[PDB]
Structure formats: structure tokens, C-alpha cells
Amino acid sequence: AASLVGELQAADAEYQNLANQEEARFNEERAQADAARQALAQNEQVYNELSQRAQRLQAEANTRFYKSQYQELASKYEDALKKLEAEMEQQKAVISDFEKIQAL
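Numbering (the authors' numbering), first residue to last: 4 to 107.
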């Protein structure tokens, strides 16, 4: 009847797990944010070069023997460049989303 000592000692156990659980989640969400910052940095490089590449092929294509081909390539890169931009924004959301938590 007065053994609310169980209720209090139960809440205490929960309170420890919760705190721990709460940290593993912050750390895990940070761990991913730091990973996404990396993958993005890499991707941005590849994309930065592939942008100048594709852009060049498009210009040169006009004054090139295999013009027709030159444009097909330029396009094939264009297609990859888009896929890349996607992955990149996705990584950008992960990052801002986490840096939006540090705010709290």
C-alpha cells in the first residue's frame, strides 16, 4: 500500500535507459551527419570535374569529327550529373537536419 518504492525504483530504471537510449540516438544521428558530410565532399568533387568535362564535350561537339557521338556522351554525363545532384541534396538534408538539432 506504501510500497510506491517499486513505482519509484521502476521509474529510475527507465530513466537510466531512456537517457542512455537518448544519447545513442544523438551520437548515431551525429555519426551519420559526419558520414554524410564526407560522402558529399567526395561526390561534390566528382561532380565538379564531371561538370566541366560534360560542358566541354558539348562545346567541342560542334567542331569535332564524331560530333554525333560527342553529344551522346555529353548527354550520358548529363544524366549521371543529375543523379549525382540528387544524392547530393539528399546528403545536404541529412546534414542540415542534424545541424538543425544541435540548434536545440
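Don't be surprised by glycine CBs; every beta carbon is placed ideally from N, CA and C.
- [ ] Confirm, please, whether the CB-CB distance from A34 to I98 is below 8 angstroms.
- [x] What you label residue 98 is simply residue 95 of the sequence shown in a count that begins at 1. What you label residue 34 is simply residue 31 of the sequence shown in a count that begins at 1. Not closer than 8 angstroms, so no.
TODO: Write down every uninterrupted run of the beta strand (DSSP E) in the stretch 60-93 whose length is 3 residues or greater and which is fully enclosed by it, in chain order.
DONE: none
TODO: Apply the 10 Å Cβ neighbour rule to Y73 and answer buried if 16 or more other Cβ atoms are within range, or exposed otherwise.
DONE: As a first step, residue 73 must be located in the sequence shown, where it is residue number 70. So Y73 counts as buried.
Task: Status (buried if at least 16 other CB within 10 Å, exposed otherwise) for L60 - done: Working through the sequence shown from its first residue, we reach residue 60 at position 57. With 16 or more Cβ atoms within 10 Å of its Cβ, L60 is classed as buried.
Open item on the list: Our contact map puts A64 next to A83 with C-beta atoms below 8 angstroms; I'd like the distance itself, whole angstroms only.
Closed with: For the purposes of this step, residue 64 is identified with residue 61 of the sequence shown, where counting begins at 1. For the purposes of this step, residue 83 is identified with residue 80 of the sequence shown, where counting begins at 1. Not quite, the Cβ-Cβ distance comes to about 17 angstroms (not below 8 angstroms), so this is no contact.
Task: Where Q94 falls, given that 16 or more other Cβ within 10 Å makes a residue buried - done: Here the question's residue 94 lines up with position 91 in the sequence shown. It is buried - the Cβ of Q94 has at least 16 other Cβ atoms within 10 Å.
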